[PDB]
């Protein structure tokens, strides 16, 4: 039924040692993530350090990634912004460059600027009016905005392009359940996130897709396929083998997990974040690689 399912990892934004954009490494990371078996990619998300780049860098990254993908896989372009018209403009521009879908947080700023449900609704409704590609709602703690399942399904029922969801808040499995129950066939893509830390319970809840980290999609995807083909016991076995790595990405190495792995594997030239985001502690990085080496991920032999 749905247009999009499977694993859609987040593409990390690759800087040089100087903090400037490293577009060469950026294309190599996209190519590695496509070779890993990804059904699609998501760019300019919070796991791409979008908060540390400029609007001009956003446009260069959007055109560079989409032109290099060359239609090999569908790309989700994250266009989140407080202003409705800016997000619609970014969504239209991503559409023009070949995006299959846009992902947007609800309109927020910082810790205290929140938007009532009514204006959150109009935000998505107007972004929906301007574009023809599907919209994904990101439900994540970083927005500090409660998006309850009845309201999330409401937007899926009442807004044309709103069909996909990335539920990353605590208790995501039973939120996905309630979302699917209240939205029916309007829920085209009930997806989970958070680096696939709760993937198994979310699959139990009816999740169709996973927006994981970009470091090892080859490890996570056979869980989804085995679950689709009814091989539940194989899905658990693969989830169990890879969970220590997923747990270390979620709890320890964080956003920089995909880049530190890509650096060690020779995929990208630098794993540095943009200052002032803290770099990985050497012990956190050493333990990340020690776990990964036990699992033979493609990132280390690409």
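Numbering follows the first chain given and starts at 1.
Here the stretch with the larger average CA B-factor, out of 126-134 and 83-91, is 126-134. As listed in the deposited structure, the average C-alpha B-factor of 99-107 and of 151-159 is greater for 151-159.
Taking only the listed residues 74, 222, 144, 116, the entry reports the highest CA temperature factor at 222. For the set 275, 58, 248, 263, the PDB entry puts the maximum C-alpha B factor at 263. The deposited CA B-factor of residue 184 belongs to the highest third of values across its chain. Ranked by C-alpha B-factor against the other modelled residues of its chain, residue 236 falls in the highest third.
In this PDB entry, the Cα temperature factor of residue 31 sits in the middle third of its chain's modelled residues. Residue 37 sits in the highest third of its chain by CA B factor, as recorded in the PDB entry.
Among all modelled residues in its chain, residue 49 ranks in the lowest third by Cα B-factor.
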